[PDB]
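Participant: Dropping in the first section of the assembly, placed as in the complex:
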Amino acid sequence: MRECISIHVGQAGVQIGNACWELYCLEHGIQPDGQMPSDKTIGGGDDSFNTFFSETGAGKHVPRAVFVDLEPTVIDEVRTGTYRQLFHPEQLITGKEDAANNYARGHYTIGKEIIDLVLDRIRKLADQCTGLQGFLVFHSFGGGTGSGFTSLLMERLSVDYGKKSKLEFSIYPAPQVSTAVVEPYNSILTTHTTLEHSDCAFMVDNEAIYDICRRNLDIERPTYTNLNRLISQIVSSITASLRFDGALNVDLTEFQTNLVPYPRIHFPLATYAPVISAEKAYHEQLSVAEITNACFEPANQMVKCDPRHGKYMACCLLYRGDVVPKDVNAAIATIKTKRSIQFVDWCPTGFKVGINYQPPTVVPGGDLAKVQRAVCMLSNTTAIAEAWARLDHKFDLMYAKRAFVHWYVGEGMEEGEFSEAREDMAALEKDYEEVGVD
């Protein structure tokens, strides 16, 4: 068994992770007070769920996670919520004033005074691990912390844990749920300083999660609670291979091995289905060919874009529930003859399939209905390049006038790091076009 440490940076990172560890305890049968009746090995053991949870002498199953925020309001929710007895105070770290949506404030000014503290707390968790696999970093591109302090943490993690793997769960900024303006700057700044240090990042667009809350769940004004409960459902499907028995995506190394051929192009796309409203009278259960066939509809993409005009480099199908391999192959064959699935010539045209018989656990009193079989597809598509273009265009429209550049320059940062990072993104879009277009 090899452990996996979780790190949540910023409000988005903290809240999301908080909903995740709620879903984890329900999926593994872990009570709010930490007790796990099914766990017969008391005080220790090398089971598949122990990669996320540790065990005390008193039978308390504690997560291997860390919550870091520069303002205490969001983390105090964890210090007093339903699952307050899970974490101990070491894992919850809070500053006093935030980075005011400023990246320079999260990377330099403020982050400099707390960076050593977070590493010391992450160290304590690594000291319990017999074989640390790496870290999963949850953060937002928009926040000053999730963008600024995250990159600084990532840069350090590569120094103290060189051979370890680091995955990301990044919240891509959507103006529909955000009242900020300087988000395009933070995003391009955090992606330039974290690129060489992240082995695989899964982007979630608040705009995509938002619509799925209105179109499928019939929620007129989705809140962060609605958005988080859905995001954690995807986080669960992508991390169950590390928390259960199986052979597909068993350790963090296999995420890059299976999903990332080229180093800089490490941004898969996530597609999930079904998403049914609990308020519905009652839904006819979809077949395996139906939920699988839905993994190609944009409405169920964690990032809005058109893969029909891109090329694939990898493709994983993580099923959960009543799914048999026979049905997966048939559904796959039918999808090829109808869909446009163009792979790159230097990669085989294939799919890696993983099946977990436990259906998706739904939070009691939640927005999602209980389904008999759900699937989450991960696929490295050059179509995801659409997301970098939109964000780059906004960076240019503002930077062309130096709008807001003084708040950043006023925290010690140099203006060159704006064009220095923008030049890098211009290269990233250049790599996607070399691999997808003719």
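Facilitator: Alright, I've got the coordinates. Numbering: from 1, shown residues only, chains lettered A, B, ... in the order given.
Participant: pretty sure residue A:108 contacts residue A:408?
Facilitator: No: using Cβ atoms under 8 Å, residue A:108 is not in contact with residue A:408; the gap is 9.5 Å. Where C-beta positions appear, they are placed from N, C-alpha and C, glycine not excepted.
Participant: And the residue nearest to residue A:177 when sequence neighbours are not counted, how far from residue A:168?
Facilitator: Of all residues not flanking residue A:177 in the chain, residue A:206 sits nearest, at 4.9 Å (Cβ to Cβ, 6 or more residues apart in numbering). Plainly put, residue A:206 is 16 Å away from residue A:168 if you go by Cβ to Cβ, to the nearest Å.
Participant: Among residue A:108 and residue A:408, which residue is more densely surrounded?
Facilitator: residue A:408 (24 against 18; other Cβ atoms under 10 Å).
Participant: I'd say the more buried one and residue A:148 touch.
Facilitator: No: counting by Cβ under 8 Å, residue A:408 does not reach residue A:148; the two are 9.9 Å apart.
Participant: what touches both of the two?
Facilitator: Taking Cβ atoms under 8 Å, 6 or more residues apart in numbering as the criterion, residue A:408 and residue A:148 both touch A:102, A:103, A:104.
Participant: Chain B goes on too:
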Amino acid sequence: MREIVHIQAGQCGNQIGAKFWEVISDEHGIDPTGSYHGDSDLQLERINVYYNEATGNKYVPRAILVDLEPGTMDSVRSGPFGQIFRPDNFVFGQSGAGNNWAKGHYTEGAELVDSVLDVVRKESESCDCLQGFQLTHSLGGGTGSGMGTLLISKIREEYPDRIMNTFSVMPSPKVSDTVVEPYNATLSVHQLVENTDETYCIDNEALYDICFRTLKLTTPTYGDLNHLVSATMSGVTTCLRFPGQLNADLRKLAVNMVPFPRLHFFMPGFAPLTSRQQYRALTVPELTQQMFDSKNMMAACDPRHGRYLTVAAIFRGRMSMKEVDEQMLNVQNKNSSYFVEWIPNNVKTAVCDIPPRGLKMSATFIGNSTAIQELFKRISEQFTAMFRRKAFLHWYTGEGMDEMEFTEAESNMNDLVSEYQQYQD
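Facilitator: So that you can see how it sits with the rest, here is chain B on the chains above:
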């Protein structure tokens, strides 16, 4: 606990801040004795932003009343919410400022400034994590304008990393106390361009024309004007006083609202503004048409003449946050030629469940428009009309000022208008 230190200076600064504390004390459910008597926990959620917690569950506003004469503060202490304030936060002299910017900034005000900064230090030291300072005052008098700017110059020196917002009432010959109001304004405007992160411009002519014409008030008075500013100040501070998805501090708000360090002068608006047909529930489309209407703005500037860099609207009351996104996203896509197309998504909206006292719903408007240059153009005109003849300068040269410093304040404000201009094209 993100505390804010409130300073109100001068006759206007105190009379307005007095009603301000009288307005938000009612929303948070705090009687004139500091006792809480509300029925909702949202009232106490972020209550420590403006109120300190004393013994016996008493809530004492974190304000510092400043003036160089006793009159205006004798009425506050003995007025409606006079007892709520801290008895020691009353810092005042006896000579007065004689509506002279030099007496508040260089001579009389300089003699008292130290004792005020000592009170500020008592309120700041006990702050768990200070957000910043907000100052209410007028820019056409002596104390608030003169000593107010001095008090800002000395607060940044001791707190160079704290945010500083001002509610600055601009003078207007249509509602004029003295003829030297252009001078006192031009001198402070440069101090605000330098040492303030956010200045809300509140023209008295707009406030007067808003009462006379819209509110059908035949004979407006200073009190009636202060009612508007009270409702407006309450509106813009909602994000910092009540909870919800919108978690914000002054720096977080200033970062998204001020694209250039010197163009931080906001012109606010409020709705509804109904005369006594006053109980008719105002539809969402009605609040959004007035809130974006020139007649409903308090800077006396025609927005259609300039361009918006950023615009924020905050609604209050139990309404449809879905229809809200619709009506706002309507006015934008119907009058977009007035928004700069190089700041993506500059128009944003928030919703608060707690409405002002006695309103099904309201809407505050916080605009950062280049059209505010019209406000600095009228001042500069009235200034030059007198300064060219050196009229009334003896009140100032007698206090120790040179004519050179007047020519500088003029040139500094003319640059401000030039800087606002290049962004309008």
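Participant: Over to residue A:174. Which of the three states is it?
Facilitator: Three-state call for residue A:174 (DSSP: H, G, I helix; E, B strand; the rest coil): coil.
Participant: how does the chain divide up, domain by domain?
Facilitator: Going with chain A. Chain A breaks down by curated CATH domains into domains covering A:1-268, A:269-383, A:384-438.
Participant: The chain in question should be chain B.
Facilitator: Domains of chain B are assigned by curated CATH domains as B:1-259, B:260-371, B:372-425.
Participant: Next, format the ones you listed as JSON lines and append mean neighbour count and distance to residue A:210.
Facilitator: Shown next, in JSON lines, are the domains of chain B (neighbours: other Cβ atoms under 10 Å in any protein chain shown; distance: least, Cβ to Cβ, whole Å):
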{"stretch": "domain B:1-259", "mean neighbour count": "21", "distance to residue A:210": "13"}
{"stretch": "domain B:260-371", "mean neighbour count": "18", "distance to residue A:210": "11"}
{"stretch": "domain B:372-425", "mean neighbour count": "16", "distance to residue A:210": "33"}
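Participant: let's put chain C on the structure above:
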Amino acid sequence: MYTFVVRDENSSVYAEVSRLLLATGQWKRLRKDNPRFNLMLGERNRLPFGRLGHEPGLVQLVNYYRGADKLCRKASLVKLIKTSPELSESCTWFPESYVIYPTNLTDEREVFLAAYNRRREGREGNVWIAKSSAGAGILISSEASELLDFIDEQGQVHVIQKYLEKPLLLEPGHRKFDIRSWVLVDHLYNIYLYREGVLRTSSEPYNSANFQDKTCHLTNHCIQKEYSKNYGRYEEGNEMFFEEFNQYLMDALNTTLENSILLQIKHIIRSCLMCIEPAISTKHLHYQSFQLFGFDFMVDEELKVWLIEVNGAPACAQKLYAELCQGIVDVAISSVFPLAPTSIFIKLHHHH
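Facilitator: Following on from the chains above, chain C is added here:
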């Protein structure tokens, strides 16, 4: 008050639509770089499709289908037909074509020579035509050596297809001609055929013994108006509309435009568009698409309709601009952004 943008100042078709929209008083044009819009009249090449459908509270519509160039490129179409099962390589209405890359850059040079050598081996016609998307650049010749050499002198992709040696000829005149149909595809993928069409004829008698003087062979409206000497003799601007042509088919051949040609044009159009539907549709997309096409057809002496190419940015006839543009607004735009007949189109039903 709807909002739109104009990013193609050269589109005569959508310069007229933009004028009508403003004439209704309920549309407001913005700067070509303003993002808050409902309808975009984008550019031809490199249209930023990736930025659409991302403005909150804005339903957005564009006048192009992303990926439709598969049907509007010389070589791209010959490849689509041969590789798409919906069309197969034995396509009956598309002249036997071959994609030929110059020797200075797959390539069907050998497959072409295999078919060219069997025609000459059976005393059959062997007149081929060379042409590329990089033309204003066409060569007609019965010699395979002159064709492949004319392509080596170029530097782009050329296509060599069989030249119809027996095209239908109008009378009097003994002259060649082509047919241009305008198809409008809305956002629901309903295929609308314009009831009106144009015949771009040649004012020179067709001569099957001289392919050098390319005037009596290429019926382009720009080649007859520059190299021909009988322009405007038989019909104005070498444009014969369906009324007079349908009137000619009844006098000389004893048939009707609908039965002998229009039934096939109404069939070729359905085939080309339904084929690429699974690739270019915007049914479940975040934005919406719609585009006007220009189907060029050949008609031989046996009253058979052939498909030459499909224009993506097609111009319209001077006498049909007003009627067709008004229809574009009624069906393509007003259906999406309604306002506050007897359709000029012939809807071609199909199975989505």
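Participant: just so I have it, where are all the helices in the stretch 251-352 of chain C?
Facilitator: C:257, C:263-275, C:277-280, C:321-327 (DSSP state H, counting those that start in this stretch).
Participant: Report all helices and strands that the longest one contacts.
Facilitator: Yep, that's helix C:263-275 we're talking about. If you count contacts as 3 or more Cβ pairs under 8 Å, 6 or more residues apart in numbering or on different chains; DSSP states H and E, helix C:263-275 packs onto strand C:175-185, strand C:191-194, strand C:291-299, strand C:305-311, strand C:345-348.
Participant: could the ones you listed be laid out in JSON lines, adding mean neighbour count?
Facilitator: Output for the helices and strands packed on helix C:263-275, formatted as JSON lines (neighbours: other Cβ atoms under 10 Å in any protein chain shown):
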{"stretch": "strand C:175-185", "mean neighbour count": "23"}
{"stretch": "strand C:191-194", "mean neighbour count": "22"}
{"stretch": "strand C:291-299", "mean neighbour count": "21"}
{"stretch": "strand C:305-311", "mean neighbour count": "20"}
{"stretch": "strand C:345-348", "mean neighbour count": "16"}
